Amino acid sequence: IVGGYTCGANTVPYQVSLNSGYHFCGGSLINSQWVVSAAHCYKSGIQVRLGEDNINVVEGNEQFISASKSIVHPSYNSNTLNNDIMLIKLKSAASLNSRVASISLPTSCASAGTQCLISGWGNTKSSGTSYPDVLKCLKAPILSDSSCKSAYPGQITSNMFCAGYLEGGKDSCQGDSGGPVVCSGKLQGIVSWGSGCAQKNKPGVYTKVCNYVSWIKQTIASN
Ligand SMILES: NC(=[NH2+])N1CCCCC1
Ligand SMILES: [Ca+2]
């Protein structure tokens, strides 16, 4: 997260870290057995880390649970990142508490101008590299589809939206992928892609979760 702030420990209790020997992506807990992330975060051997603040220190509220299965969206296109969403099932259910909590799925799509909370352990610099140990947060509005498509001609589908600031300085970044965009208490986005980080006229691009609720619910009910 570039241009954000330190969330505070466990203040984003649905935020998970995906670990394969190291943190490599975020995700969101949607019930005690299932996490939503980005398809471009797919790999085998994922351990889901819940209750994290400092990802380099055991602080006492963590749960580390291996994934038993991962399901990439059937229509995911790795060239274009269309349908950049996957589901991860936990081998054992998480123990839900104030610091390990699920986030609700949308009942409809959110409007442009709605303010959202984006979070992750990704790079905090727009030129160069610095990774935080603790979770970072950014408040950012959903941008109009026209400003999104103007920034990325030919690349935006109906399964994507932009959020952030056209003036630059505030954005998600490498290592935030797969993590949440929450608006009005609902998981509306997944950190997906962008051009650089926090650059002018290049807002972040997010998977549009409201298009996937039926797929999510049916997939988890059958797996
Ligand atoms: N929002 C961005 N600029 N991103 C998304 C996360 C990966 C790097 C590009
Ligand atoms: Ca920790």
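Just so it is clear, chain A uses Swiss-Prot numbers, and the residues here are 24-246, in order.
This entry, so its header tells us, was determined using X-ray crystallography, 1.2 Å.
Just so you know, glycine gets a Cβ as well, placed from its N, Cα and C.
Quick look at what Swiss-Prot lists:
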- 24-244: domain 'Peptidase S1' (DOMAIN)
- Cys30-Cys160: disulfide bond (DISULFID)
- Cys48-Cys64: disulfide bond (DISULFID)
- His63: active site, charge relay system (ACT_SITE)
- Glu75, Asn77, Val80, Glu85: Ca(2+) binding site (BINDING)
- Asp107: active site, charge relay system (ACT_SITE)
- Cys132-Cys233: disulfide bond (DISULFID)
- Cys139-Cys206: disulfide bond (DISULFID)
- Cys171-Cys185: disulfide bond (DISULFID)
- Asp194, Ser195, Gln197, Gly198, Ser200: substrate binding site (BINDING)
- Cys196-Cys220: disulfide bond (DISULFID)
- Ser200: active site, charge relay system (ACT_SITE)
Candidates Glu85, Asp194, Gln197, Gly198 (binding-site residues) - the one closest to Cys160 (disulfide bond) by CA: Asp194
C-beta crowding around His63 (active site, charge relay system), within 10 angstroms: 20
Of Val80, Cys171, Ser200, recorded positions neighbouring ligand 2, Cβ under 6 A: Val80
Residue pair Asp194 (substrate binding site), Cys220 (disulfide bond) - Cα distance, angstrom, rounded: 6
Cα-to-Cα gap, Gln197 (substrate binding site) vs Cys220 (disulfide bond), nearest whole Å: 8
Mapped DSSP class for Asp194 (substrate binding site), helix or strand or coil: strand
Chain-mates of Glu75, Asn77, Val80, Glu85 with C-beta within 8 Å of site centroid, Ca(2+): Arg72, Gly74, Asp76, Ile78, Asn79, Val81, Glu82, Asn84
Euclidean distance between Cα atoms of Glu85 (Ca(2+) binding site) and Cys196 (disulfide bond), Å: 24
Residue among disulfide-bonded residues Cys206, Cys233 with least C-beta crowding, 10 angstrom cut-off: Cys233
Filtered disulfide-bonded residues, from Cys30, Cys64, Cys139, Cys185, whose Cβ is under 6 Å from an atom of ligand 1: none
Pairwise Cα distance for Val80 (Ca(2+) binding site)/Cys139 (disulfide bond) [Å, integer]: 28
Long-range Cβ environment of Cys139 (disulfide bond), under 8 Å and at least 6 residues apart: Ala133, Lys162, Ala163, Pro164, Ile165, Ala186, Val204, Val205, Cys206, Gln211, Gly212
